[PDB]
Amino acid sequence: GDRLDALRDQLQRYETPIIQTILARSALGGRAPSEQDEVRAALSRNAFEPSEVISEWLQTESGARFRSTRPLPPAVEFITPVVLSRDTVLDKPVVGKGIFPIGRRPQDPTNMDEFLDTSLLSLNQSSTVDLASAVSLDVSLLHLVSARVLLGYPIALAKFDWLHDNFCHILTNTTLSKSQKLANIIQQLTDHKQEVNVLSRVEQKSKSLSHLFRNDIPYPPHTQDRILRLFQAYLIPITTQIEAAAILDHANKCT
């Protein structure tokens, strides 16, 4: 239970660095020629392998869904299914529905890699942006999103040790398919009030960190919306799927 608090603080810790790193890239300038290819090349020459515990997990059946094509870091290719409709209101109270619904609409790019790439492609091409600075910030961001969702794994273990019976009841239910177990584990793990607590704080960080000081160049259009979207459509739901996969991966604890 203490282990879990400390993990929650570690998770929250990624918010500000992720927001500032996106804002740094957005303020720097437009997109460099071949930036995307240069990002892939940098990743390839500076590969940071995951911890032993995660590497092993990523070779299992359960874990392999979060292994990306080299040289991309873990989980940035993972595709959550569409769960919202096209016209879902994202950041405003809707009667009967609450606020900040999670997950992907049919128009949201498939995964974090495509999402981040789409944001870069939304910028004007620039011949004056420095390639090395731009690439290195893009790479930093890819590492930061991957490490954030990967916290889902030790978080899950600590949630398991804490609510052992709630999860074991599900994991030893022989009537349920693999599909229905996963889902019931996800619903145990889902706390929409905590989601709203994260997202409202992300929205408020994005606003106060994107402030413009006198004679600053404005950020590109939609920059704050896209930062909110990264958390609400990708970071939160991917992290939940990771947690549930970790719980399934440790069903032997119920015996």
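Note that residue numbering follows the sequence shown and begins at 1.
According to the PDB record, 169 to 177 carries the higher mean C-alpha B-factor of the two stretches 114 to 122 and 169 to 177. Per the PDB record, of the two stretches 211 to 219 and 194 to 202, 211 to 219 carries the greater mean B-factor over its C-alpha atoms. Between the residues 183, 102, 132, 139, it is 183 that shows the highest Cα B-factor in the PDB record. Going by the entry's values, 98 shows the largest Cα B-factor out of 71, 98, 152, 74. Sort the chain's modelled residues by C-alpha temperature factor and residue 85 lands in the highest third, per the entry. For residue 242, the recorded CA temperature factor ranks within the middle third of the chain's modelled residues. Among all modelled residues in this chain, the alpha-carbon of residue 41 has a temperature factor (C-alpha) in the lowest third. Ranked by Cα temperature factor within the chain, residue 53 sits in the highest third according to the deposited record. Residue 28: CA B factor lies in the lowest third for its chain, per the PDB record.
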